[PDB]
């Protein structure tokens, strides 16, 4: 039984897919543990969240995009939660997942889910320092 961090990206709000995305996590029996609405995320928070990528050349376009609209940060709890929600997120190639059914751009891909126990602990501390 784990906790993991999810961000619902601005494009979800654009395309009104917010509930669709959350619904898929709900219908798999994961529980909201805490949650925040950000009309525009503090760019500092975004930069930390993507620190890993600061050296990639796409980094700035990424931060620009993540701050160009609302986002929701969620802490989800459930059995094998990190691994499972990752699979649920999927990729824009494989049907059945969130990115597989709804997303279409390597950049505008609707959702973030932590990919490891370390990044999960880390990403939760970023959005939910308390």
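Residue numbers count along the first chain shown, from 1.
Asker: Select between 60 to 68 and 97 to 105 the stretch whose C-alpha atoms have the higher average B-factor in the entry.
Answerer: Averaged over C-alpha atoms, the B-factors run higher in 60 to 68.
Asker: Decide which of the stretches 12 to 20 and 106 to 114 has the higher mean C-alpha B-factor, going by the entry.
Answerer: According to the entry, 106 to 114 carries the higher average C-alpha B-factor.
Asker: Out of 89, 29, 73, 54, which shows the largest CA B-factor listed in the entry?
Answerer: In the PDB entry, the greatest C-alpha B-factor among 89, 29, 73, 54 is found at 54.
Asker: Taking the chain's C-alpha temperature factors as the reference, tell me which third residue 124 falls into: lowest, middle or highest.
Answerer: Middle third of the chain for residue 124's C-alpha B-factor.
Asker: Taking only the Cα B-factors deposited for this chain, tell me whether residue 45 sits in the lowest, middle or highest third.
Answerer: For residue 45, the deposited C-alpha B-factor lands in the highest third.
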